[PDB]
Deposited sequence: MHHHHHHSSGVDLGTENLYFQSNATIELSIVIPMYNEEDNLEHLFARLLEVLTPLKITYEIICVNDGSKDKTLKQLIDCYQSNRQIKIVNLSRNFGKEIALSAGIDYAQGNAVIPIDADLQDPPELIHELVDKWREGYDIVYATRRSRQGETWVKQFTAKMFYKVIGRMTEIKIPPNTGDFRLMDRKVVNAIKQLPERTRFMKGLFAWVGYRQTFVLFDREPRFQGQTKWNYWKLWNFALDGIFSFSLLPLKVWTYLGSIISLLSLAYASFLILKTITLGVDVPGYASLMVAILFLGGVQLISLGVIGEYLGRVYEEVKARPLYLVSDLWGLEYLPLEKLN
């Protein structure tokens, strides 16, 4: 009869219009977390639902000490409402879970076991020439574990140690932790076994611009050397071949073309500077049930 006051595991569940599944969600999770003999909590983030999902949450909160509600002021999205629950999650390990149980909750028993071996981040991965080209370009930077990338694998069902949650707590990229932040932070990582390449390589471009200044730096010197090769081609060649229209239009279309993507890479990084300096917060909490406001 020892009353333990420390929380070991946190289950963060972003929910938007999940009124029917609330009965099957909390019940199936209970038969998985009970045999673990580990103190836990369930953080339920209300993402501005209309179908009275909040009223049904307060009923589960009223008869379950492990149910805690984070009511958002409006609909902010899955990635943002999930970050809201992790901020209010004060456990040693954090496991985000979808409400429709697309992944089996029994994998929590497999996530916590590999977590107690020393690994700080534990993933859960399911199982033409584009499949051989994409898988080869990424192993040169991602590292040992790239199976979380190849479709239809998404690392949205994972376990993270408290050290990883606090590290990326102040980073605006914590909303899209799978967009590349997982590979930058490193730590001890592993996974357990159990699409659309147009959007897969859209993250490849979004990752090069976010974690690197190469697109801006490379085109700065590339756009500078062709400016020196420019001004020199009319410096010594003005004291006096002249194809006329065969190069008056070409130079107008070339020198004017290289500037448009120079303004493109500048406007891209400028928009990223605004996102980093803006004072507008990521989300707003309307009400809280079973939790305290932040900062504590």
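Residues of the deposited sequence missing from the coordinate set occupy positions 1 to 19, 147 to 151, 219 to 229, 276 to 281, 338 to 341.
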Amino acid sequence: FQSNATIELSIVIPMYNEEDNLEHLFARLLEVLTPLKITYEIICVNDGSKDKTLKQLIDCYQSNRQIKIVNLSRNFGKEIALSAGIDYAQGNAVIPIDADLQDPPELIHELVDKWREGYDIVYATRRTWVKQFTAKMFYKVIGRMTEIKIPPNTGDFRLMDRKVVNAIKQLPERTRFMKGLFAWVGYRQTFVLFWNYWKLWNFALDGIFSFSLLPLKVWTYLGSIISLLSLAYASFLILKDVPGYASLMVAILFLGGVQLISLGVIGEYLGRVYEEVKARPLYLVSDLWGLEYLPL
From here on, numbers count along this sequence of modelled residues.
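The PDB entry records a higher mean C-alpha B factor for 30 to 38 than for its counterpart among 30 to 38 and 263 to 271. Per the PDB record, of the two stretches 140 to 148 and 161 to 169, 140 to 148 carries the greater mean B-factor over its C-alpha atoms.
The PDB entry assigns its highest CA temperature factor, among 196, 90, 189, 83, to 196. Of the candidates 54, 253, 45, 60, the deposited coordinates give 253 the top C-alpha B factor. In the deposited entry, the Cα temperature factor of residue 21 sits in the top third of values across the chain's modelled residues.
In this PDB entry, the Cα temperature factor of residue 74 sits in the bottom third of its chain's modelled residues, the lowest group.
Per the deposited record, the Cα B-factor of residue 96 falls in the middle third when ranked against the other modelled residues of its chain.
Per the deposited record, the Cα B-factor of residue 64 falls in the middle third when ranked against the other modelled residues of its chain. Sort the chain's modelled residues by C-alpha temperature factor and residue 205 lands in the highest third, per the entry.
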